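Engineer: Input: one structure, supplied below.
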Amino acid sequence: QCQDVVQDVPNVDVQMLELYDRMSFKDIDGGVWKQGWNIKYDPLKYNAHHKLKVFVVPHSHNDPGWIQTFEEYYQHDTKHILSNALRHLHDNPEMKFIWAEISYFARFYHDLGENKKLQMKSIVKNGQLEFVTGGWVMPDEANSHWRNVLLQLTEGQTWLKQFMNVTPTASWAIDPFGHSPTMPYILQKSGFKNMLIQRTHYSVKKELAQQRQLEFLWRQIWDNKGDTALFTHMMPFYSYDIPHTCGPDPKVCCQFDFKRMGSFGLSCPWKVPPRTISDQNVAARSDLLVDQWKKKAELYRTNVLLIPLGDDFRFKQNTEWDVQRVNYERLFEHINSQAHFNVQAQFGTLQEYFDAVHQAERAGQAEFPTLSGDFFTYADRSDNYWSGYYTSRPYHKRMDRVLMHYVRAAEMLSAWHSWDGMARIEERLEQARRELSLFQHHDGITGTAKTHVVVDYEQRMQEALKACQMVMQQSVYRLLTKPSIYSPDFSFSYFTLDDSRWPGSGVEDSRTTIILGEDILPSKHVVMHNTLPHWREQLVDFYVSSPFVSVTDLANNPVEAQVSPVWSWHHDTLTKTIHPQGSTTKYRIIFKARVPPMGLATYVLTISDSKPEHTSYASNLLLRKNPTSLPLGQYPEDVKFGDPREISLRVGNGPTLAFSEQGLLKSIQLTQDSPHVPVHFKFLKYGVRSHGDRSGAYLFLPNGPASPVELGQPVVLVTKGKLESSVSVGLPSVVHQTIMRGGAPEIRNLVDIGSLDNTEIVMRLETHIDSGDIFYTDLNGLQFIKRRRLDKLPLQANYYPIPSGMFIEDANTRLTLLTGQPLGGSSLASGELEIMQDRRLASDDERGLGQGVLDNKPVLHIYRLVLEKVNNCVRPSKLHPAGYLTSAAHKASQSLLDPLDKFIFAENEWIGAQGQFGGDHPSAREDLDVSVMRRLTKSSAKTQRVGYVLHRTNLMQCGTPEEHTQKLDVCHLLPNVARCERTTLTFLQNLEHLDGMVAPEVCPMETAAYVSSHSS
Ligand SMILES: O=C(Nc1ccc(Cl)cc1)O/N=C1\N[C@H](CO)[C@@H](O)[C@H](O)[C@H]1O
Ligand SMILES: [Zn+2]
């Protein structure tokens, strides 16, 4: 019933991995079309009964932050563009305009009076102003998580449906730096019919153009049937600006950008300015322009041609609207009335273009090719590959993933109840969704904005995290307090969030110590939340004021715990070492929390005067020449010292890890019977070219392969505990930590590139896996795609986005690295994986930013490292373009991206406390997630509505027998269900009324949305 996503290789006309394997990437001068060739056309192709239909589509690219902040641009540019659009379109009925960025449109619309709102609605209604995509932003496609792509699309489309009563079905993505099939995946499931893309490698544009394969049905890589296909138009030329949109010769096209005549400070760099169209030159100018259009049309299969007309922050001035509109109207009048051109040209919208193309297709003009794959890594010219922004500003890349989780958790926790308006829950959740959605912009998460703009995004995300914390903690208080005892005040802090990994140890001393004492306060409630729809156990840790602490559950059952010191690291400028210091005033308590599906569990920490029965203490070993003592206050075990040596550790039944004398992993033995498999961590640095093109925020232009970071004799700290052990080493620019809790290790890097200008720090893994030239990287946390290292491409082209994970494998062994933040990475030799940590660039890379990247700050990167035997796994065949995680790797990814949330009760006594919430929630199969749970109605609605997005991944079968699991029917998670509907993923259209009000679970690799309606 479900499609098999593993075992059937789809047959498509263009499969991008295969196309890459065959294609030439030579950068040859193609003439006026520098990256193409001199286009020829048969003049007789067009005649009285077969005319070329041209749609000139005015647009204005508005970045929600880049060289100015969102609000700076809105005040300086965008408010003027939209005010002038409203005026000019209202006054000129044949003029059209498309608008993409709903963040700005909403910012504008809410400063409009009623009269202007009605005027605006009128030009939308009549089709003059058309929204394209309708997302809050035009998102990055490399670093963004699919959940956030959906978040921002939903934010924008919900706004448009509520205020404009429109839902776009055509998407416009002219600026993201390379393109992902995650986009058509999400769009096709959200009602879209067509999409347009632009920034693809110039060699791919040439290859596809030659074959008229620039318009294609883009299906997912595993889709044998084609049910996921979305019609896609790829623009053929170097840019979306007017010189690169009218046709192949920018010297000619520039003459048709009427903003470039002088009075607007713009000109044509090809040295021929535009001239005003008049009766004395209209025929000559028309001839020039039609010949460009006819050349562009040769690259496409129908007689319908798309001519975008715009550029960045265009259509700002009244006089600009006039100069473009009047000159084009003069051209259209001449061209259309002169039969010898056989052209009918008009202003159009994007949807108008696609409608006409499909009309032509239905008329049998053309059949379109099918395509799968992705469009990374982009290069716009020569060897200038845009793999730098897979890593740029990694602090904020990590912050994105943190906020992604806290928005999900806040929406889910608060969804269980309806809230009085005074609680301000909807206000806070809307703020958080909008700040996270804004950051998905292709100059946000990409790390390609100016320094002060990055600070604006950071501040906005900090406010969003605060809003999430507020909603979460109010929700926990409500869900775990006896209903007749619950006495909320909506401005009060019942709990504080405790997060061990953001900002992280050594980044910020943000964490609250639980203060207990025999003479003051014996015990403290803590609460864990599990956003995933299965029972979950995870070790959690808290800081406490004494090492003599016992843990119990809320039936007072003892829970095994481990206490460890609180270690921090310091670049000790006196002794010239990077070395740890232990706290003498607080300690870490660690225990396994077990939490219901989408639920909560309460535990209690209690002080004692001596070592508790069920709490053990870690040993600590400091390996270094020239040791000095490390006192630890009340901690009962003295630190031990040793000269650097190889060491091995094993927690529980789990793998045994060996470490070099520099405290870096060297090997992993999976079981007592198995071999010690070589897996070596190494840190290296890339530099920058002294002559020739410089790396910057966008571009990665290394001066050769990376060189090893010289480690000296680093200080190594070993902590050995029953529940958790770790090895940490202070290296130059990186405190590197491997943590073992009895399965796949966790890796944490506290990365501080300091003042190392023109350096990029990379973490590499070296193994004996014979992967050859193959490796796998994920796309938007949604799917893994097969990559092939090509030596016909330079090193920076073989870097790909690693938004959530990467792996290499051979017949028997796989090594998967899961990430808690998007970064760039590759496999540059058989058996290697590498992932960039940070980059500090003192030069601009000539893409408009006008600065390097010199605002680095310490960031705590997190990973899981999974080594597995895979000879028993049922994998795709050699020619299949996808890869799939194992269950262990998928759970490891979930542990990074959606960990348990931890709450500390903020006062001395919690009256009416309960031990659990969600004990009765079904525990769904491990491949299924409830990606979104969101209440859609305010508390006054008679009919309450809750939306759910359900995602089922596909995990490899490797012989672990499948346990029975419960069916999850989201429509029955809340009481009094009156209806259950399947909807588009934005919740905006009902697709199916569901029998028995039961929401079916979805197939592997499918995502479905459901809305349950409840009588209230
Ligand atoms: O690169 C530019 N530079 C530029 C922009 C406006 C003006 Cl008036 C003059 C120059 O244009 N636009 C853009 N440039 C960047 C890529 O090169 C990209 O990060 C940004 O999002 C994209 O919109
Ligand atoms: Zn842009």
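By order in the structure tokens, chains are A, B, ...; within a chain, residues start at 1; ligands start at 1, following the order shown.
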Could you give me the residues within 6 Å of ligand 1, counting only C-alpha atoms and all ligand atoms, as a short mmCIF file (atom, residue, chain, number, x, y, z; two decimals) with N, CA and C atoms, in the first residue's frame?
Structural biologist:
```cif
data_model
loop_
_atom_site.label_atom_id
_atom_site.label_comp_id
_atom_site.auth_asym_id
_atom_site.auth_seq_id
_atom_site.Cartn_x
_atom_site.Cartn_y
_atom_site.Cartn_z
N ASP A 63 15.13 41.50 1.19
CA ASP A 63 15.73 40.64 2.20
C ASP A 63 15.25 41.12 3.60
N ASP A 312 16.86 43.89 -6.37
CA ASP A 312 16.76 44.09 -4.92
C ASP A 312 16.10 45.41 -4.56
N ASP A 443 19.59 35.07 4.57
CA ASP A 443 20.71 35.79 5.17
C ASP A 443 20.69 35.71 6.69
N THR A 448 25.14 35.08 6.68
CA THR A 448 25.61 35.98 5.63
C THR A 448 25.12 37.43 5.76
N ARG A 847 30.41 39.26 -2.62
CA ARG A 847 28.97 38.99 -2.87
C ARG A 847 28.03 39.99 -2.23
N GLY A 848 28.54 41.17 -1.86
CA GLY A 848 27.67 42.28 -1.48
C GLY A 848 27.63 42.57 0.01
#
```
Engineer: Using DSSP on the backbone coordinates, identify the residues of region 48-163 of chain A assigned to helix (DSSP H, G or I); present them as a ChimeraX atom specification.
Structural biologist: /A:70-91,102-109,114-125,146-163
Engineer: If the limit is 12 Å from any atom of ligand 2, counting only C-alpha atoms and all ligand atoms, which residues qualify? Return them as a PyMOL selection string.
Structural biologist: chain A and resi 60-67+100-101+137-140+172-177+198-199+239-241+311-313+440-444+446+448-449+847-849
Engineer: Just the number, please: distance in Å from CA of residue 351 (chain A) to CA of residue 170 (chain A), one decimal.
Structural biologist: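 Value for the CA of residue 351 (chain A)-CA of residue 170 (chain A) distance: 6.1 Å.
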Engineer: Near residue 120 (chain A), within 9 Å and counting only C-alpha atoms, which residues show up once chain neighbours fewer than 5 positions away are dropped, as a list in words?
Structural biologist: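 Listed by chain and then number, they are residues 86, 90, 109, 115, 125, 129 and 164 of chain A.
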Engineer: Any chance you could export the current selection's N, CA and C atoms as a PDB file, in the first residue's frame?
Structural biologist:
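The new file result-v5.pdb reads:
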```pdb
ATOM      1  N   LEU A  86       0.863  49.868  -3.805  1.00  0.00           N
ATOM      2  CA  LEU A  86      -0.566  49.969  -3.614  1.00  0.00           C
ATOM      3  C   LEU A  86      -1.101  51.110  -4.495  1.00  0.00           C
ATOM      4  N   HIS A  90      -3.172  50.301  -7.982  1.00  0.00           N
ATOM      5  CA  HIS A  90      -4.540  50.776  -7.910  1.00  0.00           C
ATOM      6  C   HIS A  90      -4.800  51.674  -9.132  1.00  0.00           C
ATOM      7  N   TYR A 109       1.049  45.974   6.600  1.00  0.00           N
ATOM      8  CA  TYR A 109      -0.421  45.948   6.532  1.00  0.00           C
ATOM      9  C   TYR A 109      -0.947  46.409   7.854  1.00  0.00           C
ATOM     10  N   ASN A 115      -9.116  52.266   4.883  1.00  0.00           N
ATOM     11  CA  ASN A 115      -9.293  52.653   3.490  1.00  0.00           C
ATOM     12  C   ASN A 115      -8.228  51.983   2.638  1.00  0.00           C
ATOM     13  N   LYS A 125      -7.521  40.874  -4.936  1.00  0.00           N
ATOM     14  CA  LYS A 125      -8.706  40.214  -5.449  1.00  0.00           C
ATOM     15  C   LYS A 125      -8.713  40.178  -6.969  1.00  0.00           C
ATOM     16  N   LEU A 129      -1.851  42.352  -7.680  1.00  0.00           N
ATOM     17  CA  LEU A 129      -0.833  41.989  -6.681  1.00  0.00           C
ATOM     18  C   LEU A 129      -0.990  40.511  -6.354  1.00  0.00           C
ATOM     19  N   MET A 164      -5.946  38.285   3.732  1.00  0.00           N
ATOM     20  CA  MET A 164      -6.149  38.519   2.274  1.00  0.00           C
ATOM     21  C   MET A 164      -7.052  37.498   1.567  1.00  0.00           C
TER      22      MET A 164
END
```
Engineer: Identify which of the residues A:970, A:243, A:921, A:890 lies closest to residue 954 (chain A), counting only C-alpha atoms when measuring atom-to-atom distances.
Structural biologist: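 Of A:970, A:243, A:921, A:890, the one nearest residue 954 (chain A) is A:890, counting only C-alpha atoms.
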